[PDB]
Structures are given as C-alpha cells and as structure tokens.
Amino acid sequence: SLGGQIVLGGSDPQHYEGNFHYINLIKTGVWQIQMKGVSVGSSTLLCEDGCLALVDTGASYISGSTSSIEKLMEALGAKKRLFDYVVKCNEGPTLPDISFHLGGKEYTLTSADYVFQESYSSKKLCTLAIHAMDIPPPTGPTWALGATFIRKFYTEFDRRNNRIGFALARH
C-alpha cells in the first residue's frame, strides 16, 4: 500500500474528491491560517473567538497549547500519561467527533481518525493522536495540524496566492 505522496506543481485528483476550499494566510512568511473554533460533539467548546492554525506536514499530530489540551481531554474523559493521553480501549469507539472551523467549513475528525485502536478490552489503554505543544513567538502560541489532520484532508500549499487548499482524501 502507498504510504503517501507529495506533488510539486499540482495536485492529484485520484487521491481526493470534490474541489478545494481555500484559506488566506494571516501573513506571508509562515504557512499559518486563522481558526474560528474547535468543537466537541455539536457544541463549540474551545478557541471560540479565534485562534491560530499552523499547518505542519512535518509533525505527527494535532497540537494545542497546554490550556487548550487539558480542556479537550477533560471533555473527552482522557487520562494524562507522562508523554501522552490515553483512554480505555473499550470506550475509544464511543468517542465524540472533534470539529475544526476553517474558512467556511467545519473539518470533522471522528473517533477513528484520532484514536490508536490497538485493543478493544476494558483492561487496556489506548493512545490518542493529539498532544500538547507550546510554541513561542512570533509563530506561537498556535495550534498545529500535523499528520493526524492531513490523513483525512488532502492539502494544497499554494505560493502564488499565499493560500492553503483542502479536500476530503480518498483511500
């Protein structure tokens, strides 16, 4: 199975469907866009006024600030381990969607897109694909959308129009 693909100078329609929804950069110099909310279930729990979304192909995860993350995990019901967050494997599939407000759309990741489902047993812990990361100025403080996010949404980085483009990925 193809592990991934990076196209220079275009996109590849075989790996997405639909057309792109595009967003302008806060500023040129960084692949960073505005985010208007983060939702748990169908309610807008976090980053209500607006926050920053760093779109990072070189990161494994979604990353929020400590403040943000405690609040997301609390809402999910997760236990904090030394370097990660975990839930009991049996309640991993019962986990609510997390939605991101980018441009004019909600970007919806499900339980299956953010939990490492290695077991289904009540006596096992399962890791989430979401960690804390404090980033410093001028780029930080920000969210960062790494591999977790890029798996579900195929991503075009457009330097001619300083904008980023999204489409639902095909597998």
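Residue numbers here begin at 1 and follow the sequence given.
- Checked against the record, the higher mean CA B factor of 39 to 47 and 60 to 68 lies with 39 to 47.
- Among all modelled residues in this chain, the alpha-carbon of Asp113 has a temperature factor (C-alpha) in the lowest third.
- Sort the modelled residues of the chain by CA B factor and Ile135 lands in the highest third.
- In the PDB entry, a CA B factor belonging to the middle third of its chain's modelled residues is recorded for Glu91.
- When the CA B factors of the chain's modelled residues are split into thirds, the value for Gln32 lands in the lowest one.
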